Amino acid sequence: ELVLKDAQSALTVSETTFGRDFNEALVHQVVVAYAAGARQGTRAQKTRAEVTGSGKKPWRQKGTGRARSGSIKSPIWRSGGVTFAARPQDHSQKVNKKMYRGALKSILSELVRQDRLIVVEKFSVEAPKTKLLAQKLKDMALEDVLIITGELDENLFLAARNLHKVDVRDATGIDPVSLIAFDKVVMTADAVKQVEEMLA
Amino acid sequence: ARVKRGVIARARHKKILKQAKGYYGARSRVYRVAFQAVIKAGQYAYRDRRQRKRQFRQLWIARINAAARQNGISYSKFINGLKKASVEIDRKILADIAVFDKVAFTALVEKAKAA
Amino acid sequence: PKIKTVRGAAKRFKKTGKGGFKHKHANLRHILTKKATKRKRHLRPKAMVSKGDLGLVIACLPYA
Amino acid sequence: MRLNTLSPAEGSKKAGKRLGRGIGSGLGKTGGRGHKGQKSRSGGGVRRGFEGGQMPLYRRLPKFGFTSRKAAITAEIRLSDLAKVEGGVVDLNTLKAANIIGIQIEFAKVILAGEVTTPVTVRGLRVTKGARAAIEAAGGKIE
RNA sequence: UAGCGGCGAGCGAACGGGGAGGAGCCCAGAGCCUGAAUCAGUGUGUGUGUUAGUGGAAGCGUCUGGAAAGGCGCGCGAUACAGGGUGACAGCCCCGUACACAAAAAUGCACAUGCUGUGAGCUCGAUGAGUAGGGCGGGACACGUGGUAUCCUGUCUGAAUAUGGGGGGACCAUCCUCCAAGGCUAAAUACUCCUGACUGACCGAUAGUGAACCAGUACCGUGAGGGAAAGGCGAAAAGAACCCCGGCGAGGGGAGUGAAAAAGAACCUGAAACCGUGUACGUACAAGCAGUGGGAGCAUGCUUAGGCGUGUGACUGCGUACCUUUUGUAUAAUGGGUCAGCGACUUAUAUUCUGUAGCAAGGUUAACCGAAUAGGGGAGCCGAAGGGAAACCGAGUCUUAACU
Ligand SMILES: [K+]
Ligand SMILES: [K+]
Ligand SMILES: [Mg+2]
Ligand SMILES: [Mg+2]
Ligand SMILES: [Mg+2]
Ligand SMILES: [Mg+2]
Ligand SMILES: [Mg+2]
Ligand SMILES: [Mg+2]
Ligand SMILES: [Mg+2]
Ligand SMILES: [Mg+2]
Ligand SMILES: [Mg+2]
Ligand SMILES: [Mg+2]
Ligand SMILES: [Mg+2]
Ligand SMILES: [Mg+2]
Ligand SMILES: [Mg+2]
Ligand SMILES: [Mg+2]
Ligand SMILES: [Mg+2]
Ligand SMILES: [Mg+2]
Ligand SMILES: [Mg+2]
Ligand SMILES: [Mg+2]
Ligand SMILES: [Mg+2]
Ligand SMILES: [Mg+2]
Ligand SMILES: [Mg+2]
Ligand SMILES: [Mg+2]
Ligand SMILES: [Mg+2]
Ligand SMILES: [Mg+2]
Ligand SMILES: [Mg+2]
Ligand SMILES: [Mg+2]
Ligand SMILES: [Mg+2]
Ligand SMILES: [Mg+2]
Ligand SMILES: [Mg+2]
Ligand SMILES: [Mg+2]
Ligand SMILES: [Mg+2]
Ligand SMILES: [Mg+2]
Ligand SMILES: [Mg+2]
Ligand SMILES: [Mg+2]
Ligand SMILES: [Mg+2]
Ligand SMILES: [Mg+2]
Ligand SMILES: [Mg+2]
Ligand SMILES: [Mg+2]
Ligand SMILES: [Mg+2]
Ligand SMILES: [Mg+2]
Ligand SMILES: [Mg+2]
Ligand SMILES: [Mg+2]
Ligand SMILES: [Mg+2]
Ligand SMILES: [Mg+2]
Ligand SMILES: [Mg+2]
Ligand SMILES: [Mg+2]
Ligand SMILES: [Mg+2]
Ligand SMILES: [Mg+2]
Ligand SMILES: [Mg+2]
Ligand SMILES: [Mg+2]
Ligand SMILES: [Mg+2]
Ligand SMILES: [Mg+2]
Ligand SMILES: [Mg+2]
Ligand SMILES: [Mg+2]
Ligand SMILES: [Mg+2]
Ligand SMILES: [Mg+2]
Ligand SMILES: [Mg+2]
Ligand SMILES: [Mg+2]
Ligand SMILES: [Mg+2]
Ligand SMILES: [Mg+2]
Ligand SMILES: [Mg+2]
Ligand SMILES: [Mg+2]
Ligand SMILES: [Mg+2]
Ligand SMILES: [Mg+2]
Ligand SMILES: [Mg+2]
Ligand SMILES: [Mg+2]
Ligand SMILES: [Mg+2]
Ligand SMILES: [Mg+2]
Ligand SMILES: [Mg+2]
Ligand SMILES: [Mg+2]
Ligand SMILES: [Mg+2]
Ligand SMILES: [Mg+2]
Ligand SMILES: [Mg+2]
Ligand SMILES: [Mg+2]
Ligand SMILES: [Mg+2]
Ligand SMILES: [Mg+2]
Ligand SMILES: [Mg+2]
Ligand SMILES: [Mg+2]
Ligand SMILES: [Mg+2]
Ligand SMILES: [Mg+2]
Ligand SMILES: [Mg+2]
Ligand SMILES: [Mg+2]
Ligand SMILES: [Mg+2]
Ligand SMILES: [Mg+2]
Ligand SMILES: [Mg+2]
Ligand SMILES: [Mg+2]
Ligand SMILES: [Mg+2]
Ligand SMILES: [Mg+2]
Ligand SMILES: [Mg+2]
Ligand SMILES: [Mg+2]
Ligand SMILES: [Mg+2]
Ligand SMILES: [Mg+2]
Ligand SMILES: [Mg+2]
Ligand SMILES: [Mg+2]
Ligand SMILES: [Mg+2]
Ligand SMILES: [Mg+2]
Ligand SMILES: [Mg+2]
Ligand SMILES: [Mg+2]
Ligand SMILES: [Mg+2]
Ligand SMILES: [Mg+2]
Ligand SMILES: [Mg+2]
Ligand SMILES: [Mg+2]
Ligand SMILES: [Mg+2]
Ligand SMILES: [Mg+2]
Ligand SMILES: [Mg+2]
Ligand SMILES: [Mg+2]
Ligand SMILES: [Mg+2]
Ligand SMILES: [Mg+2]
Ligand SMILES: [Mg+2]
Ligand SMILES: [Mg+2]
Ligand SMILES: [Mg+2]
Ligand SMILES: [Mg+2]
Ligand SMILES: [Mg+2]
Ligand SMILES: [Mg+2]
Ligand SMILES: [Mg+2]
Ligand SMILES: [Mg+2]
Ligand SMILES: [Mg+2]
Ligand SMILES: [Mg+2]
Ligand SMILES: [Mg+2]
Ligand SMILES: [Mg+2]
Ligand SMILES: [Mg+2]
Ligand SMILES: [Mg+2]
Ligand SMILES: [Mg+2]
Ligand SMILES: [Mg+2]
Ligand SMILES: [Mg+2]
Ligand SMILES: [Mg+2]
Ligand SMILES: [Mg+2]
Ligand SMILES: [Mg+2]
Ligand SMILES: [Mg+2]
Ligand SMILES: [Mg+2]
Ligand SMILES: [Mg+2]
Ligand SMILES: [Mg+2]
Ligand SMILES: [Mg+2]
Ligand SMILES: [Mg+2]
Ligand SMILES: [Mg+2]
Ligand SMILES: [Mg+2]
Ligand SMILES: [Mg+2]
Ligand SMILES: [Mg+2]
Ligand SMILES: [Mg+2]
Ligand SMILES: [Mg+2]
Ligand SMILES: [Mg+2]
Ligand SMILES: [Mg+2]
Ligand SMILES: [Mg+2]
Ligand SMILES: [Mg+2]
Ligand SMILES: [Mg+2]
Ligand SMILES: [Mg+2]
Ligand SMILES: [Mg+2]
Ligand SMILES: [Mg+2]
Ligand SMILES: [Mg+2]
Ligand SMILES: [Mg+2]
Ligand SMILES: [Mg+2]
Ligand SMILES: [Mg+2]
Ligand SMILES: [Mg+2]
Ligand SMILES: [Mg+2]
Ligand SMILES: [Mg+2]
Ligand SMILES: [Mg+2]
Ligand SMILES: [Mg+2]
Ligand SMILES: [Mg+2]
Ligand SMILES: [Mg+2]
Ligand SMILES: [Mg+2]
Ligand SMILES: [Mg+2]
Ligand SMILES: [Mg+2]
Ligand SMILES: [Mg+2]
Ligand SMILES: [Mg+2]
Ligand SMILES: [Mg+2]
Ligand SMILES: [Mg+2]
Ligand SMILES: [Mg+2]
Ligand SMILES: [Mg+2]
Ligand SMILES: [Mg+2]
Ligand SMILES: [Mg+2]
Ligand SMILES: [Mg+2]
Ligand SMILES: [Mg+2]
Ligand SMILES: [Mg+2]
Ligand SMILES: [Mg+2]
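Protein chains in written order, with the entry's author numbering: chain E, 2 to 201; chain Q, 1 to 115; chain 3, 1 to 64; chain L, 1 to 143.
Structure representation (structure tokens):
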């Protein structure tokens, strides 16, 4: 069960979804793939083709003492070439649904073992002000957190932009890298219920 | 991710040119020439660890053969004299004794004269 | 792009259950009267490709 | 687990061959492709089924048979994947909606793949002699 | 894949299915009746963008230092911690930022809408002729004339025209389906000279554009055309008043400025080749890949009354560079004057195998929507069944009249 810090209610959860062995390889794969999917990969050099210049031979094949050349654009020549020029490319590598779910199920279970996962009842600030949210995290001994919530509220989401150590994702939009990154995860009882049903 | 390679190359050349320190002309100054010198130095060095053990044996043998002939016995008969008396002492020390303690050495030549 | 099958190879080989390929025997098109019937009988059924020339077949038709 | 403390399984990653990088590399100078000849050359290597100019196997052998138009549009329904439709009625259009056979398949056949439990009335499908025994042993009728 | 193909190399569909996006009409014209649907002038209030902009929170003392934004102590703002500047690294010094705003005038769109100017609905009909088709020669169709449908037409011909005709891959007959020989039509789609913002496991001056610099310049060519090299003082010019040597020179030494002038404009760092000056040791009877084993002496720093560590290297044993290419190279075979920088197994997609991970008689989704790499979407693909050329049969099946 998930004990709370202001109630002590026996919040029952699936023993699979929040109680697995840490499959490290799976999680590593999913987080690496996630981090790869973040790349935009916008680059190019220009091949001997794409460089500006002519296809004239600088000098004739024979007679001169020089090393037989065929182009000013050749990669062995200065200014123009680059043998294997880059091109824009999609690095987004594929991840099996079951592997992604399994990885979340894995990393989401280690937050229970490591005691990062601080499950709570209603978590919402009074008015859209960082000053308040900042003051209320000081009571809980929290600084670096991922506040996952079911009903995404403007009052909360708009009071955590400017705070660098506080991120406020929706229960639907949890991520592999995010759960691992943040020192604690303050999850709402509704969000646990949504994530339970989402991961399954 | 383009990789400049001036920092590493320089360090790699500078390492070898430090081993070529002392060599004549381009062999200390010019990497392309030094690198050969430093290899051949290593080849010769590897070789000459083998030759050192040969040269010194010769050296000792020639000291012993000299020091025994002053006492009236040739090296060939002397070593057989020592081996037939089951004396385990080596060329290194015999040659050391031959130079330093001749009055001692003489006793080995008598010890060999028995056999 | 996808690998193009060597079509001529597709028309002369067929993939069996284990992995090998059946093929029709050579020397049974013309000049049959001078051939003994025992040859022609033995050349009639389909036959398997030898392990030496299997890799050449597997290469030129990767699909089936 | 931290973002740094994660690591892959042993055996998963294997570096990759990097040719032309010194003696120690092993492969290096002639990147594992010997001395001279067509195979050493950049963009070298002969085409598929080339036996040096000798008439290739895929041409010295004779070509046989014809591809049937009918065999493309017939199926081979495994008996195990039969009780997965609508109680116990497997016409063809019902079997198609179960995603067992393709859309453009007008003839179909139920072979002895094994394992039946529920009684299935097979109407329209051509049924095998081995499967006719099983389907009727389970309780299901045919036609 | 089916096909096409010196049936070689190679070329390569369609049907069908899943998605994006969706929309229809007008002439070859008579009716009772008609400004009605419609798109059509333009005004026209409108909306709400574009071209200028306005406001826009909260820091303090000490410690090094040339300089504080840095260290340490105490605060405060945060719908603003994007970012950039400031004498080093600034949430609070500045410019911005989130956010709230703003147009006299010109314009881009989206609804009313007076209307020079425009017809629905009816009935009735008509319904595209040198045309379809053909012969001949070509070309297009995945389809190379092949049994070759279909389309286009240079050439010569030539129908029936809705009880009519075209198509269903030679062709024929039944069935089915469509209406050619006249037109029009948004969206999904392609592209970016150019404009604005933002973003990069993109480059950082031999890179990145050819061009960070007044570059398509200098320069080269009759010409078309080719086509470079060349970034950085400092925080601030405070860019060195004055004195001295010299030719009122160059250049230098002082002075001064500065944190610094081996930051003085030939200006951050300042490598290497290369060239010197000064020291130590060796070297003018000694032959050769110039080193390596051994090794005296001299010079040295140390310690200490021990010996070392270095520098050098008389004499002496051994010893013909490297790369390449080769049966084989000191080879008098190749290549390199040296240094510094750059310079060659990549990328994408398919396919097979190995490791690994997931899930396992199952596994898996593509485009696509969604906005967040989730979640849908199982169209499809691969596997769980093979034999046969094929019909077909099926744990069998082909072979054959049948097979021990
Ligand atoms: K300097
Ligand atoms: K010699
Ligand atoms: Mg593991
Ligand atoms: Mg070109
Ligand atoms: Mg030309
Ligand atoms: Mg020359
Ligand atoms: Mg370039
Ligand atoms: Mg890759
Ligand atoms: Mg860089
Ligand atoms: Mg490097
Ligand atoms: Mg020396
Ligand atoms: Mg030097
Ligand atoms: Mg010896
Ligand atoms: Mg020995
Ligand atoms: Mg002995
Ligand atoms: Mg098989
Ligand atoms: Mg035989
Ligand atoms: Mg396939
Ligand atoms: Mg390994
Ligand atoms: Mg790689
Ligand atoms: Mg190897
Ligand atoms: Mg090797
Ligand atoms: Mg290896
Ligand atoms: Mg080499
Ligand atoms: Mg070679
Ligand atoms: Mg050759
Ligand atoms: Mg070879
Ligand atoms: Mg080529
Ligand atoms: Mg090539
Ligand atoms: Mg190849
Ligand atoms: Mg299906
Ligand atoms: Mg049977
Ligand atoms: Mg031929
Ligand atoms: Mg083509
Ligand atoms: Mg092609
Ligand atoms: Mg259909
Ligand atoms: Mg559908
Ligand atoms: Mg469709
Ligand atoms: Mg649709
Ligand atoms: Mg759309
Ligand atoms: Mg739509
Ligand atoms: Mg739709
Ligand atoms: Mg619409
Ligand atoms: Mg309609
Ligand atoms: Mg219509
Ligand atoms: Mg007409
Ligand atoms: Mg507005
Ligand atoms: Mg302002
Ligand atoms: Mg302000
Ligand atoms: Mg002070
Ligand atoms: Mg003060
Ligand atoms: Mg102090
Ligand atoms: Mg002080
Ligand atoms: Mg001062
Ligand atoms: Mg201050
Ligand atoms: Mg300090
Ligand atoms: Mg405080
Ligand atoms: Mg900050
Ligand atoms: Mg500084
Ligand atoms: Mg800091
Ligand atoms: Mg501060
Ligand atoms: Mg800043
Ligand atoms: Mg601060
Ligand atoms: Mg707003
Ligand atoms: Mg106005
Ligand atoms: Mg006003
Ligand atoms: Mg106006
Ligand atoms: Mg019409
Ligand atoms: Mg007409
Ligand atoms: Mg026609
Ligand atoms: Mg015609
Ligand atoms: Mg016809
Ligand atoms: Mg026709
Ligand atoms: Mg014709
Ligand atoms: Mg004729
Ligand atoms: Mg004709
Ligand atoms: Mg014709
Ligand atoms: Mg023709
Ligand atoms: Mg053609
Ligand atoms: Mg044919
Ligand atoms: Mg024929
Ligand atoms: Mg026809
Ligand atoms: Mg009609
Ligand atoms: Mg009719
Ligand atoms: Mg009619
Ligand atoms: Mg008729
Ligand atoms: Mg008819
Ligand atoms: Mg049709
Ligand atoms: Mg047609
Ligand atoms: Mg007809
Ligand atoms: Mg037909
Ligand atoms: Mg056809
Ligand atoms: Mg057809
Ligand atoms: Mg007919
Ligand atoms: Mg018509
Ligand atoms: Mg009609
Ligand atoms: Mg027509
Ligand atoms: Mg038409
Ligand atoms: Mg026509
Ligand atoms: Mg026409
Ligand atoms: Mg028409
Ligand atoms: Mg239009
Ligand atoms: Mg439009
Ligand atoms: Mg962005
Ligand atoms: Mg970044
Ligand atoms: Mg970058
Ligand atoms: Mg840089
Ligand atoms: Mg440049
Ligand atoms: Mg530079
Ligand atoms: Mg430069
Ligand atoms: Mg250029
Ligand atoms: Mg000129
Ligand atoms: Mg410069
Ligand atoms: Mg300046
Ligand atoms: Mg500056
Ligand atoms: Mg001066
Ligand atoms: Mg004077
Ligand atoms: Mg003077
Ligand atoms: Mg003077
Ligand atoms: Mg003068
Ligand atoms: Mg004067
Ligand atoms: Mg003067
Ligand atoms: Mg002067
Ligand atoms: Mg001065
Ligand atoms: Mg001064
Ligand atoms: Mg001063
Ligand atoms: Mg300084
Ligand atoms: Mg100076
Ligand atoms: Mg000074
Ligand atoms: Mg300095
Ligand atoms: Mg100046
Ligand atoms: Mg200079
Ligand atoms: Mg300078
Ligand atoms: Mg400069
Ligand atoms: Mg600086
Ligand atoms: Mg400088
Ligand atoms: Mg200098
Ligand atoms: Mg230097
Ligand atoms: Mg001296
Ligand atoms: Mg001397
Ligand atoms: Mg001397
Ligand atoms: Mg002397
Ligand atoms: Mg002398
Ligand atoms: Mg000489
Ligand atoms: Mg000599
Ligand atoms: Mg010597
Ligand atoms: Mg002495
Ligand atoms: Mg002395
Ligand atoms: Mg020494
Ligand atoms: Mg020698
Ligand atoms: Mg010798
Ligand atoms: Mg060569
Ligand atoms: Mg070779
Ligand atoms: Mg050669
Ligand atoms: Mg030879
Ligand atoms: Mg030589
Ligand atoms: Mg030799
Ligand atoms: Mg030579
Ligand atoms: Mg010779
Ligand atoms: Mg020579
Ligand atoms: Mg020669
Ligand atoms: Mg040669
Ligand atoms: Mg060479
Ligand atoms: Mg040369
Ligand atoms: Mg490769
Ligand atoms: Mg595959
Ligand atoms: Mg396999
Ligand atoms: Mg299993
Ligand atoms: Mg499933
Ligand atoms: Mg899209
Ligand atoms: Mg659907
Ligand atoms: Mg579904
Ligand atoms: Mg489905
Ligand atoms: Mg398989
Ligand atoms: Mg049978
Ligand atoms: Mg039988």
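We put the beta carbon where it would ideally sit given N, CA and C, even for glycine.
Item	Value
In terms of residue numbering, what span does the alpha helix (DSSP H) encompassing residue 35 (chain Q) cover?	31-70
Mapping DSSP to helix, strand and coil, what is residue 147 (chain E)?	strand
Taking Cβ positions, are residue 61 (chain 3) and residue 26 (chain 3) nearer each other than 8 Å?	no
Between the region 6-26 of chain L and chain E, which residues of the former have CB atoms less than 8 Å from a CB of the latter, in chain order?	6, 7, 8, 9 and 12
Based on the DSSP output, what are the partners of residue 77 (chain L) in its beta bridges?	110 (chain L)
Determine contact between the region 111-120 of chain E and the region 71-89 of chain E, defined as no fewer than three beta-carbon pairs at a distance below 8 Å.	no
Determine the burial state of residue 73 (chain L): buried for a count of at least 16 other Cβ atoms within 10 Å of its Cβ, exposed for fewer.	exposed
By the 8 Å beta-carbon criterion, what residues does the region 30-63 of chain L contribute toward chain 3?	48, 49, 51, 56, 57, 58, 59, 60, 61, 62 and 63
Which residues of chain E have a Cβ atom closer than 8 Å to the Cβ of residue 3 (chain L), listed in chain order?	32, 178, 181 and 182
With contact counted as at least three CB pairs below 8 Å, one residue from each stretch, are the region 42-59 of chain E and the region 104-113 of chain E in contact?	no
Identify the residues that DSSP records as bridge partners of residue 119 (chain E): which are they?	187 (chain E)
Determine whether the Cβ of residue 111 (chain E) lies closer than 8 Å to any Cβ atom of chain L.	yes
What are the complete alpha helix (DSSP H) segments, minimum 4 residues, inside the region 88-115 of chain E?	98-114
Could you spell out where the alpha helix (DSSP H) holding residue 21 (chain 3) opens and where it closes?	It is not in any alpha helix (DSSP H) - residue 21 (chain 3) instead sits in the beta strand (DSSP E) that spans 21-23.
Count the other CB atoms within 10 Å of the CB of residue 136 (chain E); is the residue buried (16 or more) or exposed (fewer)?	exposed
Using the Cβ count rule (16 or more neighbours within 10 Å means buried), how would you classify residue 57 (chain E)?	exposed
Using DSSP with H/G/I as helix, E/B as strand and the rest coil, what is residue 171 (chain E)?	strand
Quick one, are the C-beta atoms of residue 135 (chain L) and residue 116 (chain L) less than 8 Å apart?	yes
Does the distance between the C-beta of residue 48 (chain E) and the nearest non-hydrogen atom of ligand 111 fall short of 7 Å?	no
Between the region 10-25 of chain E and chain L, which residues of the former have CB atoms less than 9 Å from a CB of the latter, in chain order?	23 and 25
If you run the structure through DSSP and keep just helix, strand and coil, what is residue 9 (chain 3)?	helix
Indicate, with yes or no, if ligand 25 has a heavy atom lying under 7 Å from the CB of residue 25 (chain 3).	no
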